[PDB]
$ cat query.pdb   # PDB, C-alpha atoms and all ligand atoms
MODEL        1
ATOM      1  CA  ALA A   3    -262.716 142.899  49.092
ATOM      2  CA  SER A   4    -266.340 143.760  48.197
ATOM      3  CA  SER A   5    -267.500 144.307  44.587
ATOM      4  CA  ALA A   6    -268.048 148.047  45.275
ATOM      5  CA  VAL A   7    -264.529 148.446  46.767
ATOM      6  CA  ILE A   8    -262.783 146.715  43.817
ATOM      7  CA  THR A   9    -264.927 148.629  41.274
ATOM      8  CA  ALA A  10    -264.086 151.981  42.944
ATOM      9  CA  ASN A  11    -260.368 151.042  43.103
ATOM     10  CA  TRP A  12    -260.325 150.113  39.386
ATOM     11  CA  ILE A  13    -262.207 153.292  38.352
ATOM     12  CA  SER A  14    -259.898 155.519  40.462
ATOM     13  CA  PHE A  15    -256.752 153.787  39.127
ATOM     14  CA  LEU A  16    -257.908 154.159  35.490
ATOM     15  CA  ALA A  17    -258.922 157.830  36.005
ATOM     16  CA  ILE A  18    -255.585 158.769  37.654
ATOM     17  CA  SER A  19    -253.583 156.815  35.003
ATOM     18  CA  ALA A  20    -255.440 158.596  32.150
ATOM     19  CA  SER A  21    -254.950 161.970  33.925
ATOM     20  CA  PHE A  22    -251.160 161.268  34.397
ATOM     21  CA  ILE A  23    -250.714 160.249  30.716
ATOM     22  CA  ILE A  24    -252.659 163.336  29.412
ATOM     23  CA  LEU A  25    -250.804 165.739  31.767
ATOM     24  CA  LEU A  26    -247.403 164.243  30.801
ATOM     25  CA  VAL A  27    -248.223 164.512  27.061
ATOM     26  CA  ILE A  28    -249.383 168.149  27.460
ATOM     27  CA  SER A  29    -246.278 169.068  29.530
ATOM     28  CA  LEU A  30    -243.891 167.426  27.009
ATOM     29  CA  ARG A  31    -245.643 169.087  24.017
ATOM     30  CA  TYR A  32    -245.907 172.505  25.772
ATOM     31  CA  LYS A  33    -243.577 175.060  24.111
ATOM     32  CA  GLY A  34    -244.023 177.965  26.573
ATOM     33  CA  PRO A  35    -246.064 181.169  26.220
ATOM     34  CA  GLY A  36    -244.013 182.176  23.119
ATOM     35  CA  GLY A  37    -244.338 178.724  21.480
ATOM     36  CA  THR A  38    -240.577 178.584  20.691
ATOM     37  CA  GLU A  39    -238.944 176.604  23.574
ATOM     38  CA  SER A  40    -238.726 172.872  22.715
ATOM     39  CA  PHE A  41    -238.098 171.928  26.402
ATOM     40  CA  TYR A  42    -239.832 174.787  28.262
ATOM     41  CA  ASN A  43    -240.877 172.474  31.142
ATOM     42  CA  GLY A  44    -237.513 170.624  30.988
ATOM     43  CA  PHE A  45    -235.649 173.636  32.464
ATOM     44  CA  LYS A  46    -238.647 174.417  34.768
ATOM     45  CA  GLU A  47    -239.261 171.085  36.532
ATOM     46  CA  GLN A  48    -241.736 172.566  39.088
ATOM     47  CA  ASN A  49    -244.356 172.569  36.274
ATOM     48  CA  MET A  50    -243.896 168.755  36.126
ATOM     49  CA  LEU A  51    -244.694 168.339  39.867
ATOM     50  CA  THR A  52    -248.432 167.810  39.107
ATOM     51  CA  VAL A  53    -247.579 165.052  36.653
ATOM     52  CA  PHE A  54    -245.323 163.217  39.140
ATOM     53  CA  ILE A  55    -248.011 163.585  41.840
ATOM     54  CA  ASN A  56    -250.606 161.907  39.602
ATOM     55  CA  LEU A  57    -248.121 159.165  38.648
ATOM     56  CA  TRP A  58    -247.384 158.395  42.315
ATOM     57  CA  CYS A  59    -251.117 158.470  43.095
ATOM     58  CA  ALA A  60    -251.733 156.094  40.154
ATOM     59  CA  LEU A  61    -249.030 153.719  41.449
ATOM     60  CA  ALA A  62    -250.613 153.781  44.930
ATOM     61  CA  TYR A  63    -254.042 152.896  43.501
ATOM     62  CA  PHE A  64    -252.443 150.188  41.335
ATOM     63  CA  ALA A  65    -251.164 148.602  44.580
ATOM     64  CA  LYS A  66    -254.694 148.899  46.024
ATOM     65  CA  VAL A  67    -256.076 147.073  42.958
ATOM     66  CA  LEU A  68    -253.605 144.226  43.607
ATOM     67  CA  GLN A  69    -254.547 144.228  47.321
ATOM     68  CA  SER A  70    -258.193 144.099  46.110
ATOM     69  CA  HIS A  71    -257.565 140.705  44.377
ATOM     70  CA  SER A  72    -255.302 138.960  46.967
ATOM     71  CA  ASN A  73    -255.872 137.867  50.589
ATOM     72  CA  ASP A  74    -252.317 139.085  51.429
ATOM     73  CA  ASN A  75    -251.250 142.719  51.879
ATOM     74  CA  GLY A  76    -249.646 144.268  48.779
ATOM     75  CA  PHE A  77    -247.102 147.108  48.868
ATOM     76  CA  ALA A  78    -247.331 147.912  52.603
ATOM     77  CA  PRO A  79    -246.171 151.580  52.343
ATOM     78  CA  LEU A  80    -248.987 152.449  49.860
ATOM     79  CA  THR A  81    -251.697 150.002  51.097
ATOM     80  CA  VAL A  82    -251.106 149.005  54.762
ATOM     81  CA  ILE A  83    -249.816 152.145  56.540
ATOM     82  CA  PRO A  84    -252.487 154.847  56.053
ATOM     83  CA  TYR A  85    -251.670 158.402  54.849
ATOM     84  CA  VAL A  86    -248.140 157.459  53.642
ATOM     85  CA  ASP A  87    -249.172 158.013  49.995
ATOM     86  CA  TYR A  88    -250.665 161.310  51.231
ATOM     87  CA  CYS A  89    -247.365 162.030  53.049
ATOM     88  CA  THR A  90    -245.658 161.674  49.633
ATOM     89  CA  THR A  91    -248.255 163.559  47.522
ATOM     90  CA  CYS A  92    -249.930 166.402  49.489
ATOM     91  CA  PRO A  93    -246.667 168.299  50.248
ATOM     92  CA  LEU A  94    -245.962 168.300  46.482
ATOM     93  CA  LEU A  95    -249.521 169.596  45.849
ATOM     94  CA  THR A  96    -248.969 172.475  48.319
ATOM     95  CA  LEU A  97    -245.522 173.232  46.826
ATOM     96  CA  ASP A  98    -247.013 173.354  43.295
ATOM     97  CA  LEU A  99    -249.921 175.570  44.458
ATOM     98  CA  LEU A 100    -247.577 178.089  46.125
ATOM     99  CA  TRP A 101    -245.107 177.930  43.189
ATOM    100  CA  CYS A 102    -247.609 178.708  40.373
ATOM    101  CA  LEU A 103    -248.845 181.615  42.561
ATOM    102  CA  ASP A 104    -245.231 182.734  43.321
ATOM    103  CA  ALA A 105    -246.313 182.643  46.988
ATOM    104  CA  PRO A 106    -243.865 182.976  49.897
ATOM    105  CA  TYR A 107    -243.091 180.125  52.326
ATOM    106  CA  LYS A 108    -243.780 177.480  49.638
ATOM    107  CA  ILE A 109    -241.120 175.104  51.064
ATOM    108  CA  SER A 110    -242.162 176.023  54.645
ATOM    109  CA  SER A 111    -245.841 175.305  53.790
ATOM    110  CA  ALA A 112    -244.879 171.973  52.136
ATOM    111  CA  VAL A 113    -242.838 170.974  55.230
ATOM    112  CA  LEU A 114    -245.767 171.952  57.507
ATOM    113  CA  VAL A 115    -248.147 169.790  55.409
ATOM    114  CA  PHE A 116    -245.632 166.899  55.532
ATOM    115  CA  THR A 117    -245.335 167.255  59.338
ATOM    116  CA  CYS A 118    -249.155 167.284  59.714
ATOM    117  CA  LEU A 119    -249.405 164.137  57.530
ATOM    118  CA  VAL A 120    -246.666 162.370  59.567
ATOM    119  CA  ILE A 121    -248.548 163.316  62.776
ATOM    120  CA  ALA A 122    -251.697 161.801  61.199
ATOM    121  CA  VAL A 123    -249.735 158.634  60.268
ATOM    122  CA  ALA A 124    -248.606 158.347  63.918
ATOM    123  CA  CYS A 125    -252.215 158.951  65.086
ATOM    124  CA  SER A 126    -253.615 156.181  62.806
ATOM    125  CA  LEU A 127    -251.004 153.659  64.117
ATOM    126  CA  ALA A 128    -251.435 154.692  67.805
ATOM    127  CA  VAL A 129    -253.636 153.199  70.567
ATOM    128  CA  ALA A 130    -256.295 155.143  72.492
ATOM    129  CA  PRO A 131    -256.289 157.326  74.425
ATOM    130  CA  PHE A 132    -252.839 158.347  73.085
ATOM    131  CA  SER A 133    -254.426 158.386  69.590
ATOM    132  CA  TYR A 134    -256.657 161.247  70.846
ATOM    133  CA  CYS A 135    -253.579 163.223  72.014
ATOM    134  CA  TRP A 136    -251.849 162.657  68.638
ATOM    135  CA  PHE A 137    -255.040 163.740  66.814
ATOM    136  CA  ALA A 138    -255.330 166.898  68.988
ATOM    137  CA  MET A 139    -251.680 167.874  68.320
ATOM    138  CA  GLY A 140    -252.171 167.230  64.570
ATOM    139  CA  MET A 141    -255.390 169.284  64.669
ATOM    140  CA  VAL A 142    -253.630 172.310  66.253
ATOM    141  CA  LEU A 143    -250.725 172.076  63.767
ATOM    142  CA  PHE A 144    -253.118 171.683  60.790
ATOM    143  CA  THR A 145    -255.285 174.608  62.004
ATOM    144  CA  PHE A 146    -252.180 176.842  62.124
ATOM    145  CA  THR A 147    -251.020 175.579  58.688
ATOM    146  CA  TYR A 148    -254.518 176.032  57.182
ATOM    147  CA  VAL A 149    -254.814 179.628  58.466
ATOM    148  CA  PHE A 150    -251.274 180.514  57.260
ATOM    149  CA  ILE A 151    -251.728 178.969  53.776
ATOM    150  CA  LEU A 152    -255.190 180.552  53.360
ATOM    151  CA  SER A 153    -253.779 184.030  54.282
ATOM    152  CA  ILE A 154    -250.988 183.620  51.650
ATOM    153  CA  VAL A 155    -253.394 182.186  49.028
ATOM    154  CA  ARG A 156    -255.981 184.951  49.577
ATOM    155  CA  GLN A 157    -253.316 187.703  49.323
ATOM    156  CA  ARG A 158    -251.862 186.224  46.064
ATOM    157  CA  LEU A 159    -255.406 185.794  44.628
ATOM    158  CA  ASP A 160    -256.138 189.477  45.403
ATOM    159  CA  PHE A 161    -252.796 190.481  43.826
ATOM    160  CA  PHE A 162    -253.527 188.409  40.676
ATOM    161  CA  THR A 163    -257.099 189.770  40.376
ATOM    162  CA  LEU A 164    -255.825 193.379  40.731
ATOM    163  CA  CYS A 165    -253.937 193.120  37.371
ATOM    164  CA  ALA A 166    -256.132 190.650  35.399
ATOM    165  CA  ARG A 167    -258.098 192.416  32.612
ATOM    166  CA  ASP A 168    -257.891 190.098  29.546
ATOM    167  CA  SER A 169    -260.781 187.680  28.866
ATOM    168  CA  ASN A 170    -258.270 184.786  28.801
ATOM    169  CA  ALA A 171    -256.858 186.174  32.084
ATOM    170  CA  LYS A 172    -260.402 186.152  33.564
ATOM    171  CA  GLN A 173    -260.951 182.538  32.397
ATOM    172  CA  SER A 174    -257.587 181.483  33.952
ATOM    173  CA  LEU A 175    -258.552 183.331  37.177
ATOM    174  CA  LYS A 176    -261.876 181.417  37.299
ATOM    175  CA  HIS A 177    -259.962 178.118  36.907
ATOM    176  CA  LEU A 178    -257.497 179.222  39.643
ATOM    177  CA  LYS A 179    -260.419 180.030  42.002
ATOM    178  CA  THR A 180    -261.952 176.592  41.238
ATOM    179  CA  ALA A 181    -258.582 174.938  42.043
ATOM    180  CA  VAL A 182    -258.268 176.995  45.278
ATOM    181  CA  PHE A 183    -261.805 175.998  46.371
ATOM    182  CA  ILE A 184    -260.981 172.323  45.622
ATOM    183  CA  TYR A 185    -257.729 172.613  47.628
ATOM    184  CA  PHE A 186    -259.351 174.273  50.692
ATOM    185  CA  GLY A 187    -262.926 172.889  50.952
ATOM    186  CA  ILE A 188    -262.057 169.277  50.039
ATOM    187  CA  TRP A 189    -259.042 169.114  52.403
ATOM    188  CA  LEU A 190    -261.373 169.947  55.331
ATOM    189  CA  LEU A 191    -263.344 166.739  54.537
ATOM    190  CA  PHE A 192    -260.387 164.386  55.243
ATOM    191  CA  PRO A 193    -260.281 165.283  58.982
ATOM    192  CA  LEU A 194    -264.107 164.962  59.036
ATOM    193  CA  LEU A 195    -263.815 161.505  57.396
ATOM    194  CA  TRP A 196    -261.207 160.408  59.981
ATOM    195  CA  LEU A 197    -263.337 161.715  62.897
ATOM    196  CA  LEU A 198    -266.385 159.910  61.379
ATOM    197  CA  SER A 199    -264.604 156.587  60.574
ATOM    198  CA  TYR A 200    -264.390 153.466  62.802
ATOM    199  CA  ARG A 201    -261.931 155.535  64.866
ATOM    200  CA  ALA A 202    -263.674 158.005  67.226
ATOM    201  CA  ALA A 203    -267.395 158.103  66.168
ATOM    202  CA  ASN A 204    -268.045 154.803  64.310
ATOM    203  CA  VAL A 205    -271.022 155.625  62.028
ATOM    204  CA  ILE A 206    -269.705 155.334  58.433
ATOM    205  CA  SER A 207    -268.606 151.803  57.447
ATOM    206  CA  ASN A 208    -265.120 151.103  56.038
ATOM    207  CA  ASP A 209    -266.377 150.631  52.436
ATOM    208  CA  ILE A 210    -268.122 154.048  52.293
ATOM    209  CA  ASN A 211    -265.046 155.729  53.846
ATOM    210  CA  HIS A 212    -262.813 154.084  51.200
ATOM    211  CA  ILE A 213    -265.148 155.125  48.335
ATOM    212  CA  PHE A 214    -265.305 158.730  49.648
ATOM    213  CA  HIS A 215    -261.491 158.769  49.937
ATOM    214  CA  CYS A 216    -261.187 157.512  46.346
ATOM    215  CA  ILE A 217    -263.630 160.171  45.040
ATOM    216  CA  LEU A 218    -261.900 162.981  46.993
ATOM    217  CA  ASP A 219    -258.463 161.864  45.714
ATOM    218  CA  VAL A 220    -259.675 161.643  42.106
ATOM    219  CA  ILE A 221    -261.320 165.105  42.242
ATOM    220  CA  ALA A 222    -258.658 167.000  44.240
ATOM    221  CA  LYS A 223    -255.836 165.518  42.083
ATOM    222  CA  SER A 224    -257.118 165.119  38.478
ATOM    223  CA  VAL A 225    -259.446 168.159  38.320
ATOM    224  CA  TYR A 226    -257.132 170.203  40.577
ATOM    225  CA  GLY A 227    -254.064 169.561  38.375
ATOM    226  CA  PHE A 228    -256.041 170.206  35.170
ATOM    227  CA  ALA A 229    -257.290 173.567  36.536
ATOM    228  CA  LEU A 230    -253.838 174.550  37.801
ATOM    229  CA  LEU A 231    -252.533 173.690  34.282
ATOM    230  CA  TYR A 232    -255.270 175.692  32.505
ATOM    231  CA  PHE A 233    -254.260 178.625  34.728
ATOM    232  CA  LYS A 234    -250.472 178.313  34.228
ATOM    233  CA  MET A 235    -250.633 178.085  30.405
ATOM    234  CA  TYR A 236    -253.495 180.554  29.714
ATOM    235  CA  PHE A 237    -252.574 183.391  32.131
ATOM    236  CA  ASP A 238    -250.051 186.022  30.904
ATOM    237  CA  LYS A 239    -247.719 186.743  33.872
ATOM    238  CA  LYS A 240    -246.198 189.805  32.096
ATOM    239  CA  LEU A 241    -249.432 191.679  33.055
ATOM    240  CA  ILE A 242    -248.005 192.099  36.618
TER
HETATM  241  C1  LIG A 301    -254.456 163.722  47.362
HETATM  242  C2  LIG A 301    -254.687 163.585  48.723
HETATM  243  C3  LIG A 301    -254.666 164.616  49.668
HETATM  244  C4  LIG A 301    -254.425 166.030  49.291
HETATM  245  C5  LIG A 301    -254.888 164.357  51.038
HETATM  246  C6  LIG A 301    -254.912 165.241  52.101
HETATM  247  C7  LIG A 301    -255.134 164.933  53.428
HETATM  248  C8  LIG A 301    -255.173 165.767  54.572
HETATM  249  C9  LIG A 301    -254.950 167.235  54.395
HETATM  250  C10 LIG A 301    -255.426 165.204  55.826
HETATM  251  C11 LIG A 301    -255.508 165.829  57.042
HETATM  252  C12 LIG A 301    -255.779 165.242  58.356
HETATM  253  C13 LIG A 301    -255.814 166.043  59.448
HETATM  254  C14 LIG A 301    -255.603 167.533  59.443
HETATM  255  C15 LIG A 301    -256.058 165.514  60.831
HETATM  256  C16 LIG A 301    -255.630 164.067  60.982
HETATM  257  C17 LIG A 301    -256.322 163.278  59.945
HETATM  258  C18 LIG A 301    -256.015 163.738  58.512
HETATM  259  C19 LIG A 301    -254.771 162.974  58.029
HETATM  260  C20 LIG A 301    -257.225 163.286  57.676
ENDMDL
END
$ encode --input "query.pdb" --output "structure tokens" --more "lines below"
Ligand SMILES: *C/C=C(C)/C=C/C=C(C)/C=C/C1=C(C)CCCC1(C)C
Amino acid sequence: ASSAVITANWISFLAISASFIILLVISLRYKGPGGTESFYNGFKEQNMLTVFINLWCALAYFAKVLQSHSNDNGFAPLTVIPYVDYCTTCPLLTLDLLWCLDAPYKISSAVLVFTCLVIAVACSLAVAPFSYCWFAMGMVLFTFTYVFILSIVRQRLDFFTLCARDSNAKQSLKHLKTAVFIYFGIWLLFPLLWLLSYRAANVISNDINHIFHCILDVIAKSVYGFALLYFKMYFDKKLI
């Protein structure tokens, strides 16, 4: 691979590894809002989802780093077949988002995201013009999923803001809004990147697409999980 590609892969792998190790340490040391439960997150494993996500992401990038230094394909599921790592991660991200917000249809939303990602995987491994049909079907399903998840997220954000008066509550709400903006705005770029890649309109080269994918992953995973975590710890739920 090119110097830029290997450098971006190494930077992304190191960033996600550091983020995973910090999130795991914080989760293990977290003692709950009361500061008395030794294993608060042990009996609430959903709070660990973020951590696992990062770990999986890190592993994926590790494989990429190996593929960056060898002429032969590395771990095919995480390097060869596109969007499989996303198939594994993004549904967990949606589940975590709708769990911290106590939103309805969290499992339904996660399954919809998984189905959209599997449709995308089929589209990326298809041959034109059938690839266009797969992309159109995925686009309709993702439009429906995006509208549904936004409607739930907006209604939970309004509910949370209605009963958030403490300064710490306001700070946690700002972090939650930052995480929501990262989740919604950034996710819209992935379809734009696919439609702008060598597939369909070939304008952006492979290297720039890969670097943009790495940056979007790093942001929308590391910063997203950190914000979610700031919000979960520093937002009193009993204010409902
Ligand atoms: C950490 C990585 C994440 C959250 C990746 C998310 C990716 C998507 C939401 C991708 C969506 C796509 C479509 C809606 C259309 C087909 C092409 C995709 C896979 C880019």
$ residues_near_ligand --input "query.pdb" --ligand "ligand LIG 301 (chain A)" --cutoff "8 Å" --atoms "only C-alpha atoms and all ligand atoms" --output "PyMOL selection string"
chain A and resi 59+85+87-88+91-92+95+115+118-119+121-123+125+137+140-141+143-145+185+189-197+218-220+222-223
$ write_last_selection --input "query.pdb" --atoms "C-alpha atoms" --output "CSV table (one decimal), keeping the file's coordinate frame"
chain,number,residue,atom,x,y,z
A,59,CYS,CA,-251.1,158.5,43.1
A,85,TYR,CA,-251.7,158.4,54.8
A,87,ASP,CA,-249.2,158.0,50.0
A,88,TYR,CA,-250.7,161.3,51.2
A,91,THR,CA,-248.3,163.6,47.5
A,92,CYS,CA,-249.9,166.4,49.5
A,95,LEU,CA,-249.5,169.6,45.8
A,115,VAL,CA,-248.1,169.8,55.4
A,118,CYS,CA,-249.2,167.3,59.7
A,119,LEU,CA,-249.4,164.1,57.5
A,121,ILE,CA,-248.5,163.3,62.8
A,122,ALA,CA,-251.7,161.8,61.2
A,123,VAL,CA,-249.7,158.6,60.3
A,125,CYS,CA,-252.2,159.0,65.1
A,137,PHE,CA,-255.0,163.7,66.8
A,140,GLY,CA,-252.2,167.2,64.6
A,141,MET,CA,-255.4,169.3,64.7
A,143,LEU,CA,-250.7,172.1,63.8
A,144,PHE,CA,-253.1,171.7,60.8
A,145,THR,CA,-255.3,174.6,62.0
A,185,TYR,CA,-257.7,172.6,47.6
A,189,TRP,CA,-259.0,169.1,52.4
A,190,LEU,CA,-261.4,169.9,55.3
A,191,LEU,CA,-263.3,166.7,54.5
A,192,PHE,CA,-260.4,164.4,55.2
A,193,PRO,CA,-260.3,165.3,59.0
A,194,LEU,CA,-264.1,165.0,59.0
A,195,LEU,CA,-263.8,161.5,57.4
A,196,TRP,CA,-261.2,160.4,60.0
A,197,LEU,CA,-263.3,161.7,62.9
A,218,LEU,CA,-261.9,163.0,47.0
A,219,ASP,CA,-258.5,161.9,45.7
A,220,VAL,CA,-259.7,161.6,42.1
A,222,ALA,CA,-258.7,167.0,44.2
A,223,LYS,CA,-255.8,165.5,42.1
$ closest_residue --input "query.pdb" --among "A:177, A:201, A:108, A:46" --to "residue 127 (chain A)" --atoms "only C-alpha atoms"
A:201
$ closest_residue --input "query.pdb" --among "A:205, A:20, A:213, A:130" --to "residue 60 (chain A)" --atoms "all atoms listed in the file"
A:20
$ atom_distance --input "query.pdb" --atom1 "CA of residue 186 (chain A)" --atom2 "CA of residue 157 (chain A)"
14.8 Å
$ resolve_selection --input "query.pdb" --expression "the PyMOL selection byres (((chain A and resi 43) around 10) and not hetatm)" --output "short mmCIF file (atom, residue, chain, number, x, y, z; two decimals) with C-alpha atoms, in the coordinates of the input"
data_model
loop_
_atom_site.label_atom_id
_atom_site.label_comp_id
_atom_site.auth_asym_id
_atom_site.auth_seq_id
_atom_site.Cartn_x
_atom_site.Cartn_y
_atom_site.Cartn_z
CA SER A 29 -246.28 169.07 29.53
CA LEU A 30 -243.89 167.43 27.01
CA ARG A 31 -245.64 169.09 24.02
CA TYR A 32 -245.91 172.50 25.77
CA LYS A 33 -243.58 175.06 24.11
CA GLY A 34 -244.02 177.96 26.57
CA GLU A 39 -238.94 176.60 23.57
CA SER A 40 -238.73 172.87 22.72
CA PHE A 41 -238.10 171.93 26.40
CA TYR A 42 -239.83 174.79 28.26
CA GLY A 44 -237.51 170.62 30.99
CA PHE A 45 -235.65 173.64 32.46
CA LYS A 46 -238.65 174.42 34.77
CA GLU A 47 -239.26 171.08 36.53
CA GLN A 48 -241.74 172.57 39.09
CA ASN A 49 -244.36 172.57 36.27
CA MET A 50 -243.90 168.76 36.13
#
$ atom_distance --input "query.pdb" --atom1 "CA of residue 8 (chain A)" --atom2 "CA of residue 52 (chain A)"
25.9 Å
$ resolve_selection --input "query.pdb" --expression "the PyMOL selection byres (((chain A and resi 178) around 9) and not hetatm)" --output "list in words"
residues 159, 173, 174, 175, 176, 177, 179, 180, 181, 182, 183, 229, 230, 232, 233 and 234 of chain A
$ closest_residue --input "query.pdb" --among "A:56, A:81, A:14, A:21" --to "residue 94 (chain A)" --atoms "only C-alpha atoms"
A:56
$ atom_distance --input "query.pdb" --atom1 "CA of residue 148 (chain A)" --atom2 "CA of residue 214 (chain A)"
21.7 Å
$ closest_residue --input "query.pdb" --among "A:107, A:209, A:83, A:199" --to "residue 5 (chain A)" --atoms "all atoms listed in the file"
A:209
$ closest_residue --input "query.pdb" --among "A:134, A:150, A:236, A:64" --to "residue 77 (chain A)" --atoms "all atoms listed in the file"
A:64
